[PDB]
Structure formats: C-alpha cells, structure tokens
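Those protein sequences? They're chains b, V, m, B, y and r, same order as listed. Those letters in the first sequence? Residues 2 to 448, per PDB author numbering, in order. Those letters in the second sequence? Residues 3 to 137, per PDB author numbering, in order. Those letters in the third sequence? Residues 140 to 182, 185 to 472, per PDB author numbering, in order. Those letters in the fourth sequence? Residues 2 to 97, per PDB author numbering, in order. Those letters in the fifth sequence? Residues 1 to 244, per PDB author numbering, in order. Those letters in the sixth sequence? Residues 2 to 74, 85 to 96, 117 to 261, per PDB author numbering, in order. Idealized CB from N, CA, C, for every residue including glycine.
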Amino acid sequence: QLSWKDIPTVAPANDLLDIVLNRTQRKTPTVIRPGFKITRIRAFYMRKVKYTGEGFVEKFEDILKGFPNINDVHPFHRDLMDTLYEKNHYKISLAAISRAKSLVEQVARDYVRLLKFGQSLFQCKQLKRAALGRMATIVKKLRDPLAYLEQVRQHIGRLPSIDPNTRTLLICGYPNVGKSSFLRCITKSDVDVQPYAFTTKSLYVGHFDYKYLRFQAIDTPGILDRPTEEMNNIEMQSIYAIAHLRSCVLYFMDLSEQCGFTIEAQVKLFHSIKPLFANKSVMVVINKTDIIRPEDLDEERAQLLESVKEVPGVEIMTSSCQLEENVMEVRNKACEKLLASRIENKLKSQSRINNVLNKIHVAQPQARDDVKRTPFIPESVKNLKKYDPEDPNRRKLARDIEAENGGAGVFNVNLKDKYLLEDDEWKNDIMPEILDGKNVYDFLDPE
Amino acid sequence: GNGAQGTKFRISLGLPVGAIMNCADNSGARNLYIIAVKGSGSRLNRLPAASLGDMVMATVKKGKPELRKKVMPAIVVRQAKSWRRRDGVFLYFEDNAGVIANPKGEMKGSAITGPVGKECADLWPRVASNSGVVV
Amino acid sequence: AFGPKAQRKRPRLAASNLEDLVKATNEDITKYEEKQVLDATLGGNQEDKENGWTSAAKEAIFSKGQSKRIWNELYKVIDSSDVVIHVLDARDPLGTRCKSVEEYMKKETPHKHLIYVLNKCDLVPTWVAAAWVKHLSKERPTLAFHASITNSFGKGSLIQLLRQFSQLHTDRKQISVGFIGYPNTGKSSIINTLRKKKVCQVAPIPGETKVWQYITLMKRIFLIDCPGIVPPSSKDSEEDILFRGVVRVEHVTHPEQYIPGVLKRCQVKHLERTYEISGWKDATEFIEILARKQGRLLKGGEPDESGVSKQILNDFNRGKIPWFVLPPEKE
Amino acid sequence: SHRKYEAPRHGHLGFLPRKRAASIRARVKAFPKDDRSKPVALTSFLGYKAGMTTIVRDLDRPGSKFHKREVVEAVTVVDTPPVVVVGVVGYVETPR
Amino acid sequence: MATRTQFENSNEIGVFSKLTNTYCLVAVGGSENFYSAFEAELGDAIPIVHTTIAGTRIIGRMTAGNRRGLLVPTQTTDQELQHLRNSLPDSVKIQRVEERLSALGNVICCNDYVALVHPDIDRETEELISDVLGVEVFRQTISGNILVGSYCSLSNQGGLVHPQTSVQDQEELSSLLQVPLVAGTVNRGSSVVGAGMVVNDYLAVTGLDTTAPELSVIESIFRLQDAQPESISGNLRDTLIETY
Amino acid sequence: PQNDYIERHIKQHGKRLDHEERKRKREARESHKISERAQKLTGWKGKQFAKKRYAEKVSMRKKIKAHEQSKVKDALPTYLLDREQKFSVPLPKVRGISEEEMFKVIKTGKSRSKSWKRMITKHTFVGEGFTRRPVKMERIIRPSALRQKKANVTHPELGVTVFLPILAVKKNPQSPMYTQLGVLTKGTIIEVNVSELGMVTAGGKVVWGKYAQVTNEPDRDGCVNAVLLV
RNA sequence: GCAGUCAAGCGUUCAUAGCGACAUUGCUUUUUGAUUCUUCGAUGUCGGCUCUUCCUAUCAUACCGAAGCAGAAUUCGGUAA
RNA sequence: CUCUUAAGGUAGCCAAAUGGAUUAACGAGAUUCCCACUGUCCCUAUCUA
RNA sequence: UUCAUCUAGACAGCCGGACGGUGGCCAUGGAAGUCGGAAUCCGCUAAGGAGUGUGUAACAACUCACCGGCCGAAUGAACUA
Ligand SMILES: Nc1nc2c(ncn2[C@@H]2O[C@H](COP(=O)(O)OP(=O)(O)OP(=O)(O)O)[C@@H](O)[C@H]2O)c(=O)[nH]1
Ligand SMILES: Nc1nc2c(ncn2[C@@H]2O[C@H](COP(=O)(O)OP(=O)(O)OP(=O)(O)O)[C@@H](O)[C@H]2O)c(=O)[nH]1
Ligand SMILES: [Mg+2]
Ligand SMILES: [Mg+2]
C-alpha cells in the first residue's frame, strides 16, 4: 500500500514485439543444416518456440504483478483511483493482458507437440514460423491497452502517500480562500501560489510535528455549489478526501474583498457539504482578515454568519497570512481537538492501557533508609561554555586538527601527550617490558 | 555483508556445508545444520565453508517444534579448528557452535552460554551485548 | 478515459446525494477492515519476513504420480479401453476418488462407460461398506469387492457384468476394459483374482506397476492395468498424500512429525492393542514408550525415533492398525 | 561441445618455457630509469640468503583494525659483506 | 541534555563507549568523529581517553566503574593497563579482576552508590567490587533476565529497564536502588537499553534513530534539562498512549 | 515528488542555459547522421533500417496526396446505417503425394526386425466414437495430436469466415483409400456444420450441413482453412 | 496460413488482360488481472564427468545514448570477447 | 414391462482355537532406507618395499 | 530525360506586413487560430488559413503559409543509367 512507485515499465506493441523477437534471435543458436539428424532438426525449432513463449509470458507477468489491484486495497485509494483512471477501463485493460497471457501459452504448448511429428527441415521451419506469427498477431492487438497502462503507471508513480489511519487535518473551501497559503505556512511544500480559481487540481500533503507527535495536513482543490450531480473529477477528490479520512477539517472563509464572494453563497456551500461532517469536529476559520476585521459586518450578514454555529459543534477563529504568528494558534487548537477524540477512542479499547501500564508509570523507591545519595557534578562543567558550531573563536575540536593535518585515514593521532606525569618532558618515552627472561612489569613496583 | 561492523580478516574455514553445530543461545533449538554461507566465493567443485564470526543459513534438526521446517540465519561463535590470532598464537575451542539471528544481525534469544570469540564479538555488536563470557 | 486528450470530466454515475454517499462509504470502510481482521487470524508470513526466515523446499517424493510419463499412459489406456472401471479404497474413498478425469471422459468420450469398484472391503465394518455402496450408487453402478486369489468376494458379480457389457457390443469382435485409480488400491490384485493366477505383479510398495499390460479372458474381453495416478491438485495438503498411501515412506525425511496425524485418525483403544501399549500422551511419548519396549535403541542407549516412526506409518498404510472414515449419514 | 561449465586455466602462460635457468646467478633485466640532477649511487647489491626468523612490531596504520596494536610476522635475513669495485664498462646506443 | 550520535554507522553507543561522572573512554577505530562528538559536549571538563580492552573496540561491555574506580577483565594486557593508569588522575583506583564472566559491562550494572550483579558472579569479585567502587552489591535479575548490565541503564537520578519488565519487579528494583524507574526503548524500539546509550548525572548520549517520544522519556527520567522532575510524565501521558 | 514536479520546476527555474541551442544543433546534425547510418549498420540492422526508411516514405506520400486533395474536393434502413461490419471447384489438380511420404514405417521386436506397422503423418478426421484398437491388431496408427475437429470456413461472397465443426470427409483426391482413412490434405472436400450462418432453403427448411474445400497444407501449420462450396 | 479491401509502381504501349510493395479487416471460445487442476503415440538416440582453444549473436565488469530519469533501484539501446 | 440401492455408528451375525497367500526358516538371488564408519569428497601432502 | 520559376528580378539570406466581423458556434472550472467536436463562410486587399509550430490556467509574445523592400543570373522537382 502507500505509493506504488515500483511498476517496471510497459512498452508499446510494436516495440514489445521487437524486444522479444530479437532476444530469441540473439540468445539461441542460429545455424542448422539439412544434413543433420532429424531429432536435431526437431530440437532446434522446439527451442525457438519455447523460448519466445517464455519471453512473452514473462513480459506479461511483470504487468499483472505490478499494478495495485484496485479491488480490496482501501476504500479511500479505491475511490481516488476510480475518479482518476476510470476503474472500468483500468480493470478491462488488465483483463485483456491476462487473457493474452493464456492465449500465448496455449499456442506455445500446441506447436511443440506439432513439431515433434515433423519429417523435414522445411515442414519444421514452417511450423516454427506459424507459431511465432500467431504469437505476434496476438500481441499486435494490445496496441490500445498497453498504451493506456503506460500513462496510468507513470501518473500513479507520482501520487502523494496519504495514510488513512493517522492524524490528519483537512483544508478545504472555495477557490481562493487561502487554504494553499495556510498549508505553505504550516508545512513546507512546493505549491503554485498564484491567484486564480484552479491553480491546484490534486491533493497536496505536508507534515509537521506537534507535542512530540507527527501530523499530516492535506490541501484540497475546492468545491463549487454545483448541485451534486454536475461535478468534475476535480471536486470528487475533495469530496472523497472529506468523506474517507478521520481528521479535523478547517473550513476557511474569505470574508473579504479580494475574491469577496457572496457570503450567502459560501454559507450555502458550507450547509450543502455539511453532511460530510458526521464526526469530523469542524473548525471554521475566517481568512484574509487584515482588510475587513469582521467585527464591522452588517446585522443581516452577522445573522448569516450565526447560521453556522447552530450545527452540533463548530469553533470560530480569525487569522491572516500577513500576521503569521497567530496562525499557529489555529493549528494548535485543531490538533487539541483531534487528540481529544483520539485519546478517548483509544482508551475505549480498555485492553491497551492494561498492557501499556508498564511504560507510562514510574516506580518510587519508598527510600528504605536515611543514607544520603546525592547527584554529583563537578565545577569544571558548571564553568563550561557552550560550543557554538559557527562562532569565529571556539574550541578546537580534534577532528579539525585531523581534517587539517591531515585526512581521515592518513592522520596519526599521538596517543600520548594527553596524559599526566610528574614531568611533562619524559612523556614521549618507552617502557622496556622485557629483560633476559623476566617481564619487567612483574618486578616493577614502588618501594 | 549486511549488519556487520567493519571489515573481516581471513581465518581458517572449518565447517563446510552439511556440518552440524550446537545452539548456544536459549531460543529453544538444540543444534543446527549448515546449508549455505552468506558471502562466499564461486569455484568449480568447492564446497561453501564457514568460519568463526560468519553468517550462515541453517535449519533446526532437533529442538522446539515451532522452530523446525524453516531455514533461518545464524552466526558462528565457536569453531574447534585451530586458527591464528595476530598477537601470534594459535587456538581452538572444544566444539562448533552458533546462535540464531535475523538478517540485520539481531539475536532471538537473550543470553549466550560458554565462551565467544573476539573475532565474532567485535564483528557483531549485538553478540557482544548478549555474551557473558568472551574468549 | 485518460491521457493527453482525456475527453472526460465528470464521474460515473453522479451518485444521488451526499446523504447516501456518506452512508455507503461508512459501511465500506468497516466492511473492508473486518476482512483484514479475519485474514490476520486465518493466516502471518509478514512476521516470518521480518525475522528473515523462510520455509524449506518441499520434497520431491511428494510429486507422484504426476510427471507426464504416466499421464501419457493414462490417456492411452482410456483411448484403447471400451469400458473403464475406477477403483477406490474402502477406508476412505472420497480422497482416493480422483474426480478430475470424469469431467474429461464425460466431455470427450461419452461412449465409454466408467463404473466404480470399491475394494479392500474386509478392512471396514459391514454397515460402513453398505452405506458407502448406497451413497455412491447415486452417480454410477459402484460394485463392492475384496481381492484375494483363493478367498475373494465379488468375483461373480464382476464377471457376470462384464458378460453383459460384452453382449451389448455384439458386433465389435472384442471389448477392452481398463482399470484406473490411485496407487496401491488393488488394480493388479483385481485382475489377479479375476483370472485366478498371478498374472501381474503386486507389492505393498506404491509404484509397482509402471507401464500398461494387456491380459485376455473369455476370448472376447481384454483387461488392461496401468500405473496409478494422483491428480496435481494445487491444494489440500502435503500430509494427506502420505495417509492416502502414495509415497514410499522410506524417503520422507523427518517421519516423526507425521505421527500426531496417526494418533488423530486412529483410536486409542485400537492403537493400545497392537504393540501392545503403555499409557501415554503427546505422541513423542507414544514413540518413546514403544521403542523402549521393542528394543530399537541407538548406539547407547537412547531410543530410535525415525526408525520406529517409519514402521508405524507402514503399519498404518498396509492394513495392520484398524481405521476408517465415517460414511455420510442417512437422510 | 562447450565444456558445460566455465573454469579458469591451470597455470600461467607467461612463465614459459618451464626449463632450467642458465646460471646459478640470476640477472637483472632493467634498472631504475635515471636522473642526472642527482648524486652518483649504486642501484643494486649482492647478498647470500641465510634463513628466516620471527618479529613483532608496533603498528601504525591509520584506518586499519590493527592501528595501535602488535602483529607477529616472518622476516628473511640476508648476509651482505661489503663489495669491492674492480672495473667499469661503457655502453653505446645503436639502432639495434 | 540528550544527544544523538553514532559510532562508524552503529547506534550502539554503549558498546564502544563508557561514560562515568568524571571520565570517558572511547574506541580507536577509524577517525576522530566519535571522540569529537564527546569533546563538543564536554570540552576540557573531564578526561576523554582513546583506549582498547584486549585489542578490541568493544570497550563498554568489558569494563565497569564509577567516579571512584575502574575494573578491567583478566585479558587486558599490561600495556593498556599502564595506558589507562597514565591517562587517568590519581583519584580513580584501577583494578584487573580475574572472573570467569569476563564481560564486566554485561555482568555489573553500577552507579555511584549501588550495583546490581549477575547472580552467578563469585565471591572474590563480589568483594573487589564493593572494595574498589565503594558501593553495595545485589545479586538480582531484571524480570528473569541475566546480564543486568545490558538490559538496564543507571544513574544517580533514575534508571531505565527493558520494556518486558513487570511492574512488581520495577517496584522492587526501585526499592533496592532508591531511584525512579521506567520501561522504555531506544534506537526505534530496541530492548537492549543499557547497550545502546551512555548516561551520567549531567549528560546522556544515544543513537541516531532514538525517536522523539523516546528522547523525551530519556530526558525526563534521568532529569537532564532543567527542569524535568520525573513528574512531567503527567504531561507526557497522552503522547505515550498514542505511541504505544 | 507527489505531482507534476518536473513541470513545476521548469515553470519555476527552467531547463538549462544551453538547452535550446543543443536541441537546434541536434536537429541540424540529424540529416547528416541519418545518411551516415544507411552506409554503416551491417547485418540485419541495415535491413531493419531500410524497411522503416521505406515505410516512412510511403506514409509521407499518403499524407501529402491526401492534403492536396483536401483543397478542391447501398440503401440500408435507418437502423442498419450508422453501423458497420459451371460446377467446377476452386482447386482442381493439386500436387500429388506418394505413398512413401504420409506413411511411416514402425519396427517392432526386441531386435527390431518385424515392422509391418504404418503411421500416418498427415492430419485426419477420425470420426465420432473412435475407440483405438488393441496394440496387437493395430496396423495403421493415426496419432492423437494430428486429429482435427474443426475448420476455418469462409464464404466466397458475404466476406466472413467462421469456426465450424467437421462432419465427414466426403472425398479426398489422389486416392479412395485416404478418403476412407480420413486424411485432410490440400484439395480435400469435407462436410461442415453451418448452423452458425443461418441458411434457409426454399420451402422453409434449415440447412445445417454443406460442403467445403480445404485450401492449405495443414501439415505446415495447425489450422485447416476451407472455402464453402456455394 | 486461408479468404478479402486498398493502391506507388510494373507489365510492348495497357489500370480495368494482368501482376503488384507498403498499409488494412475477418477468427483459433468466455471484455472486469477470475485459475485453466492437456500432462494425449518423438521408432531413434542424450547426458556427464577431465581438459584446452575459438566465435559474439554480451549475462556481469569499463565507458556512453534515451526514458517522469527528483534521490535509490530499474527499463530499452551503442562500442567492446 | 417377466426384472435388479435393502443392511447404520469404531468391529457384525455365524461356522469347528481359526477366518489364512500380508506364509516361519534358509540364501555367493534382485532391491530401497537408517545408525555406525570412513581420503568417496572439499583438497591434497607424506612414508616403506 | 521529362516538366516548371525567371530582369513586369528567380533560388539563399536579412527587414517590413501578416488585417476586420471575431474572444465565429457546441462544449466547461478555464479553451481568445493551436485539450476536443461540426462547418469551414463573409468583408477589405499586394497578401494575410475560422490557422503550420513554440507558449500561457486563460491571454499576451515569437513563427510559416502568403505578400512586399535590399541585392543581382541562373534555379527547382520527378525520373532513368
Ligand atoms: N493579501 C493577502 N492575500 C491573501 C491572504 N490569504 C490569502 N490571500 C490570497 O490568496 C491568493 C492565493 O490563493 P490561496 O491563498 O492559495 O487560496 P486558494 O487559491 O483557495 O488555494 P488553493 O485552491 O489550494 O490553490 C493570493 O493571491 C492572495 O491574494 C492574506 O492573508 N493576505
Ligand atoms: N486387506 C486387503 N488388502 C488388499 C486387498 N487387495 C489388495 N490388497 C493389498 O494392497 C496391495 C495392492 O497392490 P496392487 O494390487 O499392486 O495395487 P496397485 O498398486 O493399485 O496395483 P498396480 O497397478 O500393480 O500398481 C497389495 O499389497 C495387497 O496386499 C484386499 O482386498 N484387502
Ligand atoms: Mg489557485
Ligand atoms: Mg501400484
């Protein structure tokens, strides 16, 4: 699961033919005379048939075992690939290839049995050519499926690696609300940043760490009102993202003038997509508020904006992409809301806490005695500086001497010169350690 | 060579394919049967052979019933065929013995019995963490 | 559908409403995950892949009789034979049945007759044998047999039915009947009891008969025996082929790992009377007790395990320990 | 037929013919190249082989697993008294 | 004060190093990157010594000591014994013991005041330990696990035992050693907690794959960065539930 | 990663400094290199090259003629439009086949000196209820892999071929004995079941069997190809 | 392979008497990667050690060209024994 | 058309202990495996006539 | 060999024009000659396609098809040996 990028390759029909049929002419013997024995003349061509059969079968196996089997993977990737590659055509082309794989094998199986009754080089050669021709003609009909599958392979190798079970925050809304800008603010990902409706046509992923945990943020292309049947294959990615992913959705609102859409349409869009918010713990955010400050909004527009807070639960905040310091509060609050459900749900299991009571619970001493056992730190450490890896004057860092002298496997560190004697002069000395027999270290002692 | 710390010098091979050694770890097996040698040469008629500190593939001929019928990795920790150290001296143990591991080099059991060669404890850092007697 | 032209914008088939879209997806997610939960328990190999250990290569002695040298005798006997008889084992017939070729004979050769013969009927009770003939006689004739030369049972019933089959083809100058089945079911012993002398070689080891052999009786009917087949079913065990006697037990490598199956198939009461016995559990102890009693001691002084397990399996297959499989209950 | 199994040759075809030498004293077939900007010196000597013996030395080899350790090895001693000079020869360089 | 580094490319820092309160010993092989990873954090405050024990790089599983002394096995040669005596000051007794279980780092798990020993270690060594290190001695396993020195990290501030340890064993060992304990991991889920990091009163070093939720508990239980007073696991409860 | 990243990267920085000139000069060298390759590339890489060099020329002629013509310039029902798709025989006097070929001597005995057996080496149509003979009274072997059961029969008009089963071998030229044995050489006249073509005769009956001629040597391939006789 | 369609040329001039390259359709079993439990008569010889040498129609090693070739790993080609 | 499947739950009625040929012993008859043992082999070296 | 262009200026190069209805209709988030589908017309001219390629999310920008300016005498295609 999670980002099938290793699909080998797919060549078209006219080059698959060439590959396999030149392999069989380069990696098998070629000279044969009619004066040879008839069992030799038979074996030659039986080999020519079997080898090409194996060639085609093996080119097809790598396609049938590489593609990700759209049925029974996960009902999120299933639906995404459905809206991306047309599940029907996807399955049909692979069934076409699977059918060719059996046809070729049957042809190869039959013409060997035919060859083993031949009585001359002419007849055996003709049966060989017949077999290879029927194989080539089976293959030349796959011009369309093999051309569709290569593009599907290429484009599926580039899809982001979303994960359904993890901790996710979705960023949806209209075109031009500020969602991609917010994803760029939080995460660090390449997203085209120009002001028009569909600058993005796919889902974008970013990651970030909060409270020693990992979170993913997803950015969606955006929905129109479009009453639920005249929708693109672009809106479907956003809708299935909202429907399939246990997450926290941060609905943005462009209560503004740059792309200052009719608020009585944005709220209707919110209310129309509201069924997707079954248990998502939504959090509406008003963006681009550096020019509006919605405190100065009309009474009836205030009533429109109040028409959202009568849903089960939705919190309200306000930020901008200019003052990029209060924006961290949004994602912190949303993470808190996600963890609120995560932790209670995982406690609901009530067998996991029993077994993890070993790693979340410290054991106290009861102290057993009065003897004082205190931590010991010297003062040469309390007097220490801190090594700044960039300051012009710092410690010398022996690896610097090594790299300057020097080299990794060419620098010879003097193991002495770093120890303490009664006379720093005689440190580059030599202990004898042997006399006539007589290990020296055995006799050496003071007194 | 995957999982090993550094280079390995050459020592006398003393355990060709088809040999049987003991199981020093406490996983539950009682002996092992060598059937391949990770990282060998290739030469006509030569039997792949193993030496101290090498990684081999083995089955379990006798021991726990959950551990049999499956081929697993093992490391060789005792040789019983005189080899030569570089502080010049030759030596040998009293039997061939190895312990079962995983393709990264990590142990299955927790403790190792009996001595263990330097020439293996220095190569595999996790054998030097579970051996209680070295040489 | 897709590509650098891609003249398609809207999906199929514009689902009716989010109200049911969310419902369908919320059911499909749970439906999915419970399948993975079930398959986890069923069976896994991912932990084997983590621990980096794998499974040993399967033994070659468990691959007969496949290997086309004998499947080229099978179709030749079927081609030459006017009437086929499929022989079964009265101990467990549904395992030795070998369907797999009846579909063939029905599709390509409907003019051939294919009756059943259920022999080795003196190794099961009488109600068991009667029940099996009854439950099998709803597809084909299925006679019941016991093949010895001196003391047989069913010889007249088979003879006076081959005579009928011969009278039906009264313008064919002869009829040929061919015997097919698993190995070690008694194809040669049936010919020997019909003819009343040792005509074809019989032996307790499976692969006795190797090529086909013609044998005449009554001047108008020939009998053909052939080697025994095992269809290459790509499932159902490695240790079922053992207990449907096919493999020569001298070649299986660790023959002690199969004894739990013998303890499961047989009865404790029956097994206690043939060795004779002490009381036991955990078939390792069964083997230890038996070998200590019988003196199968190795070079000082512990017991032999494989040498005893081989003869236990041989006794099982050769008809020395009583066992059978219950027939399908009445209705 | 094609040997079915590839295997290296037996022996080296550059040390042929495997015949007896032509003297008890082998001859030097090339000398160090030259440099006229250096003092005059001999390029080889003559000695007599006298047995082997053993040695241990304190190893320095940055990178090795025997950096700062001892190693026991074998050495060959050759006996070389001084050599006395008795003549000089000159060589012309001809197109043969 | 938790740091992450490596030996050549291995995460088992406690195999190639040994860190006590007053000195540090590091292996020899290859270059001055591992030694500089200690000099970067300790400068000239304490001696850092390049050493081998029996001509091998695994100098963590073969030695044992605290700020008072240092025990080496019987395979240590006179040259390296003298090297250690030259490099260390006179406040640290040194002794070569003659014990069968010659992997003293695997066999002893000591601190400044108490030591746990393998249950079969013998009497002369049990007396030399208390004599040189000035500590107490307890024969004891860690959830039935021989080789205490490798399945447990120790300090004067707190300890850490491998995650299979039972809660009752944790309570008892805490009663013995007079320090808090937890059951955690290192190097992205490894059970040899004592052989994959080195710790003392004011510094901890562990491998390059010790994840953030592991580094948190390591930084907390040993009370490394002011302040982490062994109760902040109350704020660390939810992340632990979500990561276990 | 994750999208059209190379395209975004080209939009954002862009492709090279020396890219367009490299391509512009490869283009100009192309006409030299193509001609240099036609005089090198020996040994089947010259044949593969020349064949495509010829096919490309033909395609360019087709395109140019079509474009040039694009400047100046049978009664089906409403449901059938908008959709798509003497008494001599065609093959008299085919070559003759002796009895020395198509038969094959097979010798028997431990020291093979008792031949008396013959194997047919052509294709046969064996019948319905075959039942091979006893090996002791069998003399004319017809192996089981040369036995045919169907044929590819084509209508002379109506432009369509079908896979129809055979029903008999009505007449084989060059012998009546081979007609008896059932041999399927070239020129043979066979009887095929034509219920797939839906033919109705005057008086309203339903044809389901007619005659066809086999039009190939089915020993140099597997298929039997036949033309219906209408 | 067999039965057709096309249409640059050839054929003494020639379409339509005739041939006829390149392209193209008919089908040999089932449009949703489901297992296909064919494994159906070699009448004459393969199969395997010990050891050299040669060919290239190249598996690996050296160097290059092209690919949605980001990195890693690959795929198709060129020189080269 | 004068016509054909009875049998029931781990051993059955009957028949002079037995229900046999799945036959002991013997073998310069043929064959498969196990323990022991080894220069058969990895991979060869040395000695005496 | 057979057909063409040409001092009322050829072939190769530079430079200028390359227009108006009009962003022609149907499509759809966006399609302005250049993702696609059906026509492919009208006006003004020396000439200028409801457009041969590069390019943009859509435009813009460059380009040839076709005209003209500078220069000044031969040039092109197909075919056979
Ligand atoms: N001046 C200003 N402009 C903003 C701010 N936030 C969003 N914008 C506008 O948002 C435009 C870009 O679009 P995005 O911010 O990515 O919103 P979006 O188009 O819905 O994002 P995607 O649909 O995912 O591509 C910019 O041109 C800005 O004009 C803001 O805080 N200040
Ligand atoms: N108890 C019992 N054993 C039988 C009976 N019939 C045969 N057997 C035994 O089963 C084995 C049968 O051997 P075969 O007759 O050769 O059976 P087969 O293997 O199918 O025959 P082949 O074609 O020669 O391979 C012999 O050992 C017989 O002793 C029977 O009726 N009762
Ligand atoms: Mg945009
Ligand atoms: Mg048999």
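Residues of chain y with CB closer than 7 Å to the CB of residue i, please, in chain order.
i, result
"b/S282", "What b/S282 touches in chain y: nothing, since even the nearest Cβ is about 17 Å away."
Taking all protein chains shown into account, decide if residue i is buried (16 or more other Cβ within 10 angstroms of its Cβ) or exposed.
i, result
"y/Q170", "buried"
"r/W147", "exposed"
"V/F92", "exposed"
"m/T394", "exposed"
Name the chain B residues that come within less than 7 Å of residue i, Cβ to Cβ?
i, result
"V/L46", "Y6 and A8"
Identify the contact partners of residue i in chain V, using a Cβ-Cβ distance below 7 Å as the criterion.
i, result
"y/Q75", "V137"
Going by the CB atoms, is the gap between residue j and residue i shorter than 9 Å?
i, j, result
"b/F216", "b/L22", "no"
"b/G223", "b/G261", "no"
"b/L204", "b/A244", "no"
"V/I37", "V/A51", "no"
"y/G194", "y/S143", "no"
"b/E62", "b/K102", "yes"
"b/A12", "b/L147", "yes"
"b/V268", "b/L170", "no"
Counting only Cβ pairs nearer than 9 Å, list the residues of chain B close to residue i.
i, result
"V/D89", "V57, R70, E71, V72 and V73"
Note down, in chain order, every chain r residue with its Cβ under 7 Å from the Cβ of residue i.
i, result
"m/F363", "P165"
Residues of chain b with CB under 9 Å from residue i, in chain order?
i, result
"y/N145", "None at all; the shortest Cβ gap to chain b is about 14 Å."
"y/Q170", "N359, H362, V363 and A364"
Name the chain r residues that come within less than 8 Å of residue i, Cβ to Cβ?
i, result
"m/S221", "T162, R163, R164, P165 and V166"
Mind pulling the chain m residues with CB within less than 8 Å of residue i?
i, result
"V/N24", "Those within 8 Å of V/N24 in chain m number zero; the least Cβ separation is about 18 Å."
Below 9 Å on C-beta distance, what does residue i contact in chain y?
i, result
"b/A44", "The contacting residues do not exist; b/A44 stays about 54 Å from chain y at best."
Minimum length 3: unbroken beta strand (DSSP E) runs contained in the region 208 to 259 of chain m: Listed in chain order, the complete beta strand (DSSP E) runs (minimum 3 residues) inside the region 208 to 259 of chain m are 224 to 230.
4-residue-minimum alpha helix (DSSP H) runs that sit fully inside the region 6 to 80 of chain b, ordered along the chain: 14 to 27 and 39 to 65
List in chain order: all unbroken beta strand (DSSP E) runs of 3+ residues lying wholly within the region 296 to 373 of chain m. Listed in chain order, the complete beta strand (DSSP E) runs (minimum 3 residues) inside the region 296 to 373 of chain m are 316 to 322, 354 to 358 and 362 to 366.
Note down, one range per segment and in chain order, each beta strand (DSSP E) of at least 3 residues found wholly within the region 284 to 317 of chain b. If we require 3 residues or more, the beta strand (DSSP E) runs fully inside the region 284 to 317 of chain b come out as 284 to 287.
Residues of the region 173 to 193 of chain y with a CB closer than 9 Å to any CB of chain b: list them in chain order, please. Listed by position along the chain: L173, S174, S175, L176, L177, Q178, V179, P180, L181, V182, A183, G184 and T185.
Hey, which unbroken runs of the alpha helix (DSSP H) at 4 residues or more fall wholly within the region 166 to 210 of chain y? 167 to 177
Name, going along the chain, the residues of the region 112 to 123 of chain V whose beta-carbon falls closer than 8 Å to a beta-carbon of chain y. Residues passing the 8 Å Cβ filter: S112, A113, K120 and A123.
Return the residues of the region 150 to 161 of chain b that lie within a Cβ-Cβ distance of less than 9 Å from chain m, sorted by chain order. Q152, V153 and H156
Output the residue ranges of the beta strand (DSSP E) runs that lie fully inside the region 43 to 86 of chain V and measure 3 residues or longer, sorted by chain position. 57 to 61 and 72 to 80
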